[PDB]
Structures are given as C-alpha cells and as structure tokens.
C-alpha cells in the first residue's frame, strides 16, 4: 500500500530512470538513410532500456505478462517522444536525441516527411516549457503514459496511484487550489498531443506484413486462455 504512496512512488520513479543513451552523427552530411539509421539504432537501445524501467515501477511486475507486453507495445513511441521532449525542454528549437545528436528543425529535412513530426515534438516541448514542467511531474506523466496506454483491479489501481502521486507533487508547490486543478488539467491535456505525435510518428515509420490476429485474440480472451 505504502510502496505505492505519493512520496514512495515518486522516490521509486526518481531512481528508475533509464540510463542515457549515447550516439554520434556519421561521417558524410545526413541523408534520409543515415538519419533514420542513427535514430533507429538510438530508438532500439532506449527500448531495451524502457523494459527495465517499466519493471521498476511499483507493481508493474505483478500485472499479467500479457498486460505488461500490451501496455509497452501500445505506448512505446509516446514514452520515447516524452523522454525526448523532456530533455529538449530547455533548448527551444532543438531536439536532443543524444549529447552528440542535437538536431534542430531544418536538419530533419534529411528524412522526407519527418519535418511535420519534428514540429509537433518541438511545439509540445514548448508547451511543457511554458508550464515549467518539473522533473517530478515529468516522472509521473511518463509512467501514466505507460499505464494509460490501453483500455482491471490491479491496472486501474496502479494507474490511480501514479495519478495520486502527480496531484501530490503539484500540491507541494504551494499554488492555490484552483491553480492546482488548472495545472493538472493543462498537463494532462498535453497527453492528447503526445499520443497524436506518436500516432503520426508510427504512421510515418510504418511507411518506411503479418497475419491479422485481432479477432483471434478476442476469441482467446473470451475463452480465457490468453497468458
């Protein structure tokens, strides 16, 4: 119960942060291939990392394996983009994928189409920047993205605890009540923009085949044999 209390949860997420991933640009001037290559290599590394991070969130380990895989599968692009926005929050106009990989808007034009994605990331980052998004609020929101990715007893509980944690953090700020409700709303409403950039990103990534298993999974869940 307590390991899931505002200060406890905040503490655990504070130290669950994945390790920073390093990567440096290539020799020649960026092309569409080299560009994506770097970002893919980079995205894959952080993903292996995103697993051990999820495992450290109070109780994630007790959710069925199917649900673990489900949430991570449904929310991984949003989690990446939020990690990316967060670390690019104090450097307006630039996306800090990694220390030696600090690309500004224009360089994205190396990979046809990513431009609109870069602007979405850049514009959402700005919103968090005006809000003066704090590291503690950030940690709660990232985890919330993980648990709010799809839609039980445990799941919802785990999610509401992360929610209670964020109210708590915003609460130790001193601002009145009406401004605590406002910040909560503003912060959460940016979740639509994150999800949206994720969908846009997925679509673009996909552009650059398996057997449909949607019905079968329902059948399986319905029969109750899924994991």
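Numbering follows the first chain given and starts at 1.
Handout entry: Deposited residues lacking coordinates between residue 151 and residue 152 (none, 1 to 3, 4 to 9, 10 or more)
Key = Per the deposited record, the segment joining residue 151 and residue 152 lacks coordinates for 10 or more residues.
Problem - Unmodelled deposited residues between residue 208 and residue 209, binned - result: Unmodelled stretch: 1 to 3 residues, a short break.
Practice task
Return whichever of 21-29 and 199-207 has the greater mean Cα B factor according to the PDB record.
Solution key: Higher mean C-alpha B-factor in the PDB entry: 21-29.
Exercise for the section: Decide which of the stretches 71-79 and 104-112 has the higher mean C-alpha B-factor, going by the entry. Expected result: Between 104-112 and 71-79, it is 104-112.
Problem - Deposited CA B-factor, highest of 187, 57, 35, 167 - result: By C-alpha B-factor in the record, 35 ranks first.
Exercise for the section: Choose from 179, 163, 52, 40 the residue with the greatest Cα B-factor as stated in the PDB record. Expected result: So the option with the highest C-alpha B-factor is 179.
Practice task
Sorting the chain's modelled residues by C-alpha B-factor, tell me whether residue 192 ends up in the lowest, middle or highest third.
Solution key: As the PDB entry reports it, the C-alpha B-factor of residue 192 lands in the lowest third of its chain.
Practice task
Sorting the chain's modelled residues by C-alpha B-factor, tell me whether residue 175 ends up in the lowest, middle or highest third.
Solution key: Its C-alpha B-factor belongs to the highest third of this chain's values.
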